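First comes the structure, then the notes that go with it.
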Amino acid sequence: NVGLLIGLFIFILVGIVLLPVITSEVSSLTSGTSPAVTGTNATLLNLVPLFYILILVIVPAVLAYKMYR
Amino acid sequence: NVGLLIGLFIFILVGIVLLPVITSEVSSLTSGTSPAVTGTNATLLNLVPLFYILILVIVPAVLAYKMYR
Amino acid sequence: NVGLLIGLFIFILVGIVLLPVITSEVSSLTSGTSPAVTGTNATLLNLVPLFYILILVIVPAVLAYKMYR
Amino acid sequence: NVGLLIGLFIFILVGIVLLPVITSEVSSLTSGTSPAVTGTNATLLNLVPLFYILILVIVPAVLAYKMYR
Amino acid sequence: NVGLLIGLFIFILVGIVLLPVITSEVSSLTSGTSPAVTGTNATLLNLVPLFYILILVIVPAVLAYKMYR
Amino acid sequence: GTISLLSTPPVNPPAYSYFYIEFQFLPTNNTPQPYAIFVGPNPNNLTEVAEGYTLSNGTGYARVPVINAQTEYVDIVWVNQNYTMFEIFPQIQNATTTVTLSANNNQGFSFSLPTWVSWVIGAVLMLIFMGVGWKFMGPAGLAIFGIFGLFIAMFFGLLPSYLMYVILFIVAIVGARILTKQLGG
Amino acid sequence: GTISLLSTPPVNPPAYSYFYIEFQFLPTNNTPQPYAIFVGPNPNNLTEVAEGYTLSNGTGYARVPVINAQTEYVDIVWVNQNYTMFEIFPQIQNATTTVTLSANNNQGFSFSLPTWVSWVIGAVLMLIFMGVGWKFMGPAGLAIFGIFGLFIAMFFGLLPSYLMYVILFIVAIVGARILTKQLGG
Amino acid sequence: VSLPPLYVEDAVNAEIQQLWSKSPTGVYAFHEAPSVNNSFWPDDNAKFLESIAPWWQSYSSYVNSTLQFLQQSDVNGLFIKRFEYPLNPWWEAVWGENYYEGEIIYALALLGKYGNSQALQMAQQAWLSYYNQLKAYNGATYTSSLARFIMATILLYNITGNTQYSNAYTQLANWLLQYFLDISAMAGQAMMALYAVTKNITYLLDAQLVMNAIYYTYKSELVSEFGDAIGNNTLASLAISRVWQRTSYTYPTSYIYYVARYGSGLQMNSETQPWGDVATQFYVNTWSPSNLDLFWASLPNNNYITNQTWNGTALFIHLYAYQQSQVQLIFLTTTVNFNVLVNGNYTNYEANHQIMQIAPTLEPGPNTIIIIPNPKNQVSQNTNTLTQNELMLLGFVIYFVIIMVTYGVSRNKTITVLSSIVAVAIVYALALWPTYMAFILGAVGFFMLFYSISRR
C-alpha cells in the first residue's frame, strides 16, 4: 500500500508548495484599497488559509486511518 | 496482527525519513527575510511539523485501539 | 519447507553481494564537487540504500512468519 | 514428524556454518577504504549479522511451535 | 495428550543430545586465535547456546499452555 | 493583650502570590493561642484564611495571599482578644489574559479571548476529558483525567490554576481513606 | 543542650551506599528524645531522613545515605533544640551506566544506553510484565510480576534498584492487613 | 570525633578520585603518576597516611587498604620501593630498600599518635628493624630518611613512653650532626624537632645555619615545612607561595598539586600531592589564626606572600608581586561579614558561609592586605526543532495516546490507571513535561490506581 503513502506525502508537499499562491490571492484581495470590503470579509478571508491548513493536516491523518483499515 | 505492525513500522520510518524535507520547506516558506506568509499564518506553518509528528504518533494509536477491540 | 529455508540464506547472500554495486552507483551519483543531486535529493538518494538494507533485514522475518502461518 | 526435527537441526547447523561467509562479506564491505561509506551504512551492515542471528534463533522456535500443532 | 507428551520428550532428548555439537561449532567459530567473528558478533554466538536452551524449554511450555486451553 | 508584626509585610506584591507574616503576641503566658487572618477588599468584606495556633513562644509564622483588588486589608485576629489590620496595594492583573504559544523559536502564536468564552471552552473541555476518563479508567479516572485536562487547559489560555488544587484536595482525602482501610481492623 | 558525634562519618563514600553515625546528646535528663537527619546538596535544600528516638543513655545510632552530588550536607537535628551539620564529598557516579553481560567466560556483551531510552524501555517492560501478571494471577499478580519484571530489568541496564523497595513497601502493608484480618474479631 | 578541614578534604578527595587503582597483589593503593599507571610506591602511600593522619577515622577504608598494602609490602621490617606492573609491550616487585623509608616510619608513628594501634605497632616494629640496620653500618643511609627517623623516634617516645627511644634519638642526633634543597629542609626540620625535645643550643645553631643557607614542586613543600618548623615567616610564606603558584583549585571538590608548571607533564605526581597537603595544613595550623585560615592563593607570575601576622584582632598579609596583575586569595572561615583592605582603597570581596575569596589588583611594590573580622562600621560589601510549549503539547498527546492504547488492548481499568502512571514516567523520561506537572499527575495516578484496585 506504498502507493497511498506516496499519495498522501505528495499531497502534503504540494499543499505546502501551493500555499503561497493562496496567501498571495488573500493578500491581494484584503490589502489596502480593498475591493473585498474591510470587516467580516477580511476576517473570513484571513480564516481561509487557517482552515485550509487545518484540512491539509487533518485529511492525511484520516486517509492513513482509512487506508490501513 | 504481524502485517499491521510491519505496515505501521514502515509508515513510521517513512515519516521519520521525510520529516526533515517538510521542516526545510516550512522554514523556506516562513523563515528568512521574504515574508511569504503573515505572522499568524507563519506561526501556523511553524506548528505544522509538530502536527505532523502528532499524526505519526496518533494514527498507529487509533489503529491499534480499533483493531484490538 | 526446507527449500524456502535455504532460499532465505541464498537471498541474504545475493542481497549482500548486490548491495556493493547499488551503493557505488548512489555514491557516484551523489559525490563530486558539483553533482546533479543537490542537497535534498542527495539525502533521499543516500536514504535509498538504507531502505534497501532495511528491506533486506525485514524480509527474513516476513518469510519466517509466513512459514509460521 | 522426525523429518522436520532433522530439518530445523540442519537449518541451524547450516546457518552457523555459513555465518562466517556473511561476516567476511560484511567486513570486506565495511573495513578500511570502505566503498559502502562509513556512517549509518556501517551501522546497518554490522546490524545485518545481529538480526540474521535473531532470525536463525527465532525461526526454529516458531517452526517447532507450528509443526507440533 | 499422551502423543504430545511423547513428542515433547523425544524433542527434548534430541535437543540435549545435539546441544554439544552446537556448542563445539560455536566455540570453533568464536574461541581460538582466529577471529572469524568480531567482538559483538562473537558474544552473540556465545549467547546462542543459551538461546537454544531457552527455545527447548519454552516450546513445550507454549505448546502445553495453548493445548490445555 | 497586644499583637505585633515582627516582619514587615511587602506592599505592592504580585497579583496572585503569597507572603509570610511574622506575628507575635504579648502576655501569652505559656500556651499556644489561636489566630485567623481575615484578608479582603475593604474592612467590611473580609475572607478568612490561615487558621492555626501560634508557638508557645508567642510568635506565629503565617502565609497570606493577595486578592485581585487594588486595596486589600489583612487583619490578624487573636480569636477573642485584640486584633490588628494593615492595608496593602497589590498590583492588579488585567481580566483578559494573552497567551503566547512559542513554535520554532521566533514565531509565536499569540491570542487572547474574553473571560466568558475562555471559561465556557475550558468547561466543555473538562466535560469531554472527564467523560473520556470515566469511560477509560473509572471513578479514579475522573480525577486523573480531570487533572490532565486542567493541565492541558492551563497550557492554553483557559481555566485558572487554582482549580487544580480543588481536585488535588479531593484526591488526597480519598487516598487517606484507602490508607486507613489498609491499616486498622 | 549540645549534640556531638561519637563516630567519625566516612568522607568520600560510594555513590549510593549508607553509613552509620553515632550521635550523642547532652543534658538529656533521662528520657528518649526525637531526632531527624536532613541530608542534601547545599544547606538550603535538605531532604529529611532517619526519624527515631535516641536511647535513654542519650546516644542514638542512625543510618545516613549518600546522594549523587559532589557536596552533601548531613544535619542532625534534635527537633526543637540545638542542631549540627557536616559536609561530605561522595564519589559521583556517571549518569550513563555500562552493563556487561558475560557469556561463555571471556566473551562479554557490553552496552550502555542513554538514561532516557533506558528509562522508557524499562517503563514499557514494566507495563508488559504487570499486565501479564494481572492477566495470569490477579491483583497480587500485579505486585509479584512487578517484582519479577523489575528484577529482570535490574539484570539489564534499566530502572534503578531502589524502585524495588517501593513495591516491597506496598506489599508489606497489604500483608499486614491480611494478618490482622486473621487475628482479631 | 574531629572532622577534616576543607583543604585537606579537597586534596585527599582529588587524589582518591584520580590516583586510586588496583595493586598487583589485590589491595587497592595509590600508583605514582597518572601516566605511568604501573608503579605502586609504598612510600607514596606512607606520604598519604602522613597527610591524613590527624583525621584518620574519616578515611577509614582507604587507610585500612593502604595499611594492608604496607603490611604485604614489607619483608621483615624494611619496606620495598616499588610494586611495578610489567609492561606487556607470583610477585612482581623490585626488592631494593625504599628511599625515605624513615618517612614511612614517621607516617606510621603519626597515625599511631591519633589511634590505629595497628599502625603504632607497625611503627614500633619498623623502628626497631631500621635502627638495628643503621647500627649495623653507622650513617650510610639516606639522610632525609634519617631525619624523618629522628622525627618518628620523637613521636614514638611522645606517645609510647619507652625510654630507649630517648637514647636512640640522642645517638641519631650525632649521626645527623655527622652529615640538595630537600635534604637540607628535612635536616633542618629534624634539627628543630631535636631542639623542641631537648632544648640544646647546638641544634638551633645548625637549624639557623640551614636557614641562612637558603622546579620539582616537592622540594618547595619540604622547604615550607622546614620554615614552618623554624618559625621564619618570610621563608615559610615564600615556599608555600611557590607551592601555590602551580596548583589547580575549585571551590567544592578539587585541589590538585601539579609537579611542574613549566614542564610538559604537569599532571598530579603522587609523591608531591600528599606533601603539598601536609605543607598547607602545617602552614594553616601554625601561622594562620584560629578562624581565618588561608590555604589557597592564585598568584600569577612570580608573586609570593612574605608575611602573615595576626596583629591583635586583624590579619596582615605582606606580599610581593611583579607587573601588577591580580592575585586571588581563599580563606577558610566561619564568619560572613568582615572587611578587607588592599593598601588603603577598601576593596570588596566574596564570602560564602565557609569560604571567603578576594580578587584584588596589586601594585608592583610590596603591598599589605588587612583583613578585619567582625568589624565595626563595616565598609566592604559581600557582592560577587520544537520548543517548551511544543514539547508540552507532544507530551499531552503521547500521554493520551498511551492511555487509549492500553485501554484498547486490555479492557480492565486498573491496567489503564497503571499505564497512566507509567505514561507519566515515560513523558518525564523524555523531559517533555516540567517536573511539577509530572510529579502531580504521578501521585494522582498512584492514589487513583489504588482506589481502582480497592473498588473492583
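Cβ placement follows ideal geometry from the backbone for every residue including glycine, while neighbour counts extend to all protein chains displayed. Readers should treat all values here as calculations from the given coordinates under stated rules, not as data from a laboratory.
Can you say whether F:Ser102 is of a type in the set (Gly, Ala, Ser), within 12 Å of chain H (Cβ to nearest Cβ) and exposed (fewer than 13 other Cβ atoms within 10 Å of the Cβ), as far as the supplied structure shows? Quick ask: steps written out before the conclusion?
Details: of a type in the set (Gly, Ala, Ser): yes; within 12 Å of chain H (Cβ to nearest Cβ): yes; exposed (fewer than 13 other Cβ atoms within 10 Å of the Cβ): no.
Judged against the criteria, F:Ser102 is not a match.
Would you be able to tell me the number of residues in the stretch F:92-134 that are under 23 Å from the mean Cα position of the chain (by Cα) and among the small types (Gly, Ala, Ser)?
Final tally of qualifying residues: 4.
Criterion first (in a helix (DSSP H, G or I) and either facing chain H (nearest Cβ under 9 Å) or under 20 Å from A:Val21 (Cβ atoms) (or both)) does B:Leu56 satisfy it? First the steps, then the outcome.
On the way: in a helix (DSSP H, G or I): yes; either facing chain H (nearest Cβ under 9 Å) or under 20 Å from A:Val21 (Cβ atoms) (or both): no.
In short, no.
So in the stretch G:41-65, with the set limited to residues that are in a strand (DSSP E or B) and among the hydroxyl-bearing types (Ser, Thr, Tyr), which one is nearest to G:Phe25 (Cα to Cα)? Quick ask: steps written out before the conclusion?
Residues of the stretch G:41-65 that are in a strand (DSSP E or B), as a first pass: G:47-53, G:59-65.
Subsequent filtering for residues that are among the hydroxyl-bearing types (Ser, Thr, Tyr) retains G:47, G:53, G:59, G:61.
Working: G:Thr47: 22, G:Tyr53: 11, G:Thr59: 6, G:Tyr61: 12 Å.
Among residues in the stretch G:41-65 that are in a strand (DSSP E or B) and among the hydroxyl-bearing types (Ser, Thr, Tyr), the one nearest to G:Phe25 (Cα to Cα) is G:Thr59.
So is H:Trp20 away from every other protein chain (no Cβ under 14 Å), within 22 Å of H:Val259 (Cβ to Cβ), out of contact with any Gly (no Cβ under 6 Å at 6 or more places or on another chain) and aromatic (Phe, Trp, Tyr) or not?
Details: away from every other protein chain (no Cβ under 14 Å): no; within 22 Å of H:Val259 (Cβ to Cβ): yes; out of contact with any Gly (no Cβ under 6 Å at 6 or more places or on another chain): yes; aromatic (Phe, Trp, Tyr): yes.
It is false that H:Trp20 is away from every other protein chain (no Cβ under 14 Å), within 22 Å of H:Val259 (Cβ to Cβ), out of contact with any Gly (no Cβ under 6 Å at 6 or more places or on another chain) and aromatic (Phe, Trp, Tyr).
Which residue is nearest to the chain's Cα centre (by Cα), if the candidates are limited to the stretch H:252-276 and must be among the hydrophobic types (A, V, I, L, M, F, W, C) and over 22 Å from H:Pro5 (Cα atoms)? Please lay out each step first, then the result.
Step one: list which residues in the stretch H:252-276 are among the hydrophobic types (A, V, I, L, M, F, W, C), which gives H:256, H:259-260, H:266, H:268, H:275.
If we keep only those that are over 22 Å from H:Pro5 (Cα atoms) as well, we get H:259-260, H:266.
Working: H:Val259: 15, H:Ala260: 18, H:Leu266: 17 Å.
Per the stated criteria, the residue is H:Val259.
Any residue at all in the stretch B:59-69 that is within 10 Å of chain H (Cβ to nearest Cβ), surrounded by fewer than 17 Cβ atoms within 10 Å (Cβ to Cβ) and not in a helix (DSSP H, G or I)?
yes
Got at least one residue in the stretch G:21-35 being in contact with a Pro (Cβ under 6 Å, 6 or more places away or on another chain), within 22 Å of H:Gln354 (Cβ to Cβ) and assigned to a strand (DSSP E or B)? Write out each step before concluding.
Residues of the stretch G:21-35 that are in contact with a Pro (Cβ under 6 Å, 6 or more places away or on another chain), as a first pass: G:21.
Those still in the list that are within 22 Å of H:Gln354 (Cβ to Cβ) too: G:21.
With assigned to a strand (DSSP E or B) added as a condition, the list becomes G:21.
There is at least one residue in the stretch G:21-35 that is in contact with a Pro (Cβ under 6 Å, 6 or more places away or on another chain), within 22 Å of H:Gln354 (Cβ to Cβ) and assigned to a strand (DSSP E or B).
I'd like the residue in the stretch H:315-370 that is within 14 Å of chain G (Cβ to nearest Cβ) and touching a helix residue (DSSP H, G or I) at 6+ places or on another chain (Cβ under 9 Å) and, out of all such residues, is surrounded by the fewest Cβ atoms within 10 Å (Cβ to Cβ).
Going residue by residue through the stretch H:315-370, those that are within 14 Å of chain G (Cβ to nearest Cβ) are H:332, H:334, H:336, H:352-355.
Cutting the leftovers down to touching a helix residue (DSSP H, G or I) at 6+ places or on another chain (Cβ under 9 Å) gives us H:332, H:354-355.
Details: H:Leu332: 18, H:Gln354: 14, H:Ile355: 16.
Going through the qualifying residues, I end up with H:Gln354.
Restricting to the stretch H:55-82, and then to whatever is assigned to a loop (DSSP other than H, G, I, E, B) and under 24 Å from the mean Cα position of the chain (by Cα), can you tell me which residue is nearest to H:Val12 (Cα to Cα)?
Filtering the stretch H:55-82 down to residues assigned to a loop (DSSP other than H, G, I, E, B) leaves H:56-59, H:72-73, H:75-78, H:81-82.
Those still in the list that are under 24 Å from the mean Cα position of the chain (by Cα) too: H:56-59, H:81-82.
Values: H:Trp56: 12, H:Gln57: 14, H:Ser58: 11, H:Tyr59: 9, H:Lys81: 22, H:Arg82: 22 Å.
By that ranking, first place goes to H:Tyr59.
Those residues that are more than 23 Å from the chain's Cα centre (by Cα) and either assigned to a loop (DSSP other than H, G, I, E, B) or within 15 Å of H:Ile317 (Cα to Cα) (or both), I need them from the stretch H:338-358; list them, please.
Correct list: H:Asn339, H:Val340, H:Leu341, H:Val342, H:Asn343, H:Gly344, H:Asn345, H:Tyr346, H:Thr347, H:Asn348, H:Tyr349.
Considering each residue of the stretch H:241-252, count those that are part of a loop (DSSP other than H, G, I, E, B) and closer than 18 Å to H:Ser270 by Cβ, and give that number. Walk me through it before giving the result.
Start the filter on the stretch H:241-252 by keeping residues that are part of a loop (DSSP other than H, G, I, E, B), which leaves H:245-246, H:250-252.
The next check asks that each one be closer than 18 Å to H:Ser270 by Cβ; those that pass are H:246.
Matching residues across the stretch H:241-252 total 1.
Could you tell me whether G:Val74 is closer than 24 Å to H:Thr334 by Cβ, surrounded by 16 or more Cβ atoms within 10 Å (Cβ to Cβ) and among the β-branched types (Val, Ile, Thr)? Lay out the reasoning, then the answer.
Numbers: closer than 24 Å to H:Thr334 by Cβ: yes; surrounded by 16 or more Cβ atoms within 10 Å (Cβ to Cβ): yes; among the β-branched types (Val, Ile, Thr): yes.
Spelling it out, G:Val74 is indeed closer than 24 Å to H:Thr334 by Cβ, surrounded by 16 or more Cβ atoms within 10 Å (Cβ to Cβ) and among the β-branched types (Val, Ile, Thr).
Any chance you could count how many residues in the stretch H:419-447 are facing chain F (nearest Cβ under 10 Å) and in contact with a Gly (Cβ under 7 Å, 6 or more places away or on another chain)?
Residues that pass the stated criteria total 5.
Within the stretch H:373-416, work out how many residues are among the small types (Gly, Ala, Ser), in a helix (DSSP H, G or I) and more than 8 Å from chain B (Cβ to nearest Cβ). If you could, list the steps in order and put the result at the bottom.
So in the stretch H:373-416, the residues among the small types (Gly, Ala, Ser) come out as H:380, H:395, H:408, H:410.
Going one step further and asking which of them are in a helix (DSSP H, G or I), we end up with H:395, H:408.
Then drop every residue that is not more than 8 Å from chain B (Cβ to nearest Cβ), which leaves H:395.
Going through the stretch H:373-416 one residue at a time, the tally reaches 1.
Given the structure, is H:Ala185 within 21 Å of H:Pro274 (Cβ to Cβ), crowded, with 20+ Cβ neighbours inside 10 Å and among the small types (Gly, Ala, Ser)? If you could, list the steps in order and put the result at the bottom.
On the way: within 21 Å of H:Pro274 (Cβ to Cβ): yes; crowded, with 20+ Cβ neighbours inside 10 Å: yes; among the small types (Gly, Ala, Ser): yes.
For H:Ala185, the condition - within 21 Å of H:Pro274 (Cβ to Cβ), crowded, with 20+ Cβ neighbours inside 10 Å and among the small types (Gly, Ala, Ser) - is met.
Test each condition in (1) more than 17 Å from the chain's Cα centre (by Cα); (2) assigned to a helix (DSSP H, G or I) for E:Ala36 and report the one that comes out false.
Every listed condition holds for E:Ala36 apart from (2).
Among the residues of the stretch B:26-45 satisfying the criterion of being of a type in the set (S, T, N, Q) and touching a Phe, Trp or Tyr at 6+ places or on another chain (Cβ under 8 Å), which is farthest from the other protein chains (Cβ to nearest Cβ)? Don't jump to the end; show me each part of the working.
First, pick out the residues of the stretch B:26-45 that are of a type in the set (S, T, N, Q): B:27-28, B:30-31, B:33-34, B:38, B:40-41, B:43.
Subsequent filtering for residues that are touching a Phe, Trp or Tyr at 6+ places or on another chain (Cβ under 8 Å) retains B:40, B:43.
Numbers: B:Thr40: 7, B:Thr43: 4 Å.
Top of the filtered list is B:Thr40.
Of the residues H:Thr368, H:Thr335, which is under 29 Å from the mean Cα position of the chain (by Cα) and part of a strand (DSSP E or B)? Reasoning before the result, please.
Values: H:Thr335 fails: part of a strand (DSSP E or B).
Within the list H:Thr368, H:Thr335, the selection yields H:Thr368.
How many residues, within the stretch H:282-308, are in a helix (DSSP H, G or I) and not aromatic (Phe, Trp, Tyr)?
3
Looking at G:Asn82, G:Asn45, G:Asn57, can you tell me which residue is of a type in the set (S, T, N, Q), more than 11 Å from chain H (Cβ to nearest Cβ) and touching a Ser or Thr at 6+ places or on another chain (Cβ under 7 Å)?
Working: G:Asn45 fails: touching a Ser or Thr at 6+ places or on another chain (Cβ under 7 Å); G:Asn57 fails: touching a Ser or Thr at 6+ places or on another chain (Cβ under 7 Å).
The unique qualifying residue is G:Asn82.
Quick one: count up the residues across the stretch E:6-25 that are over 12 Å from the mean Cα position of the chain (by Cα), facing another protein chain (nearest Cβ under 8 Å) and closer than 22 Å to E:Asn46 by Cα.
Number satisfying all stated conditions: 1.
Name, by its number, the condition in (1) farther than 17 Å from H:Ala207 by Cα; (2) surrounded by fewer than 21 Cβ atoms within 10 Å (Cβ to Cβ) that does not hold for H:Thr153.
(2)
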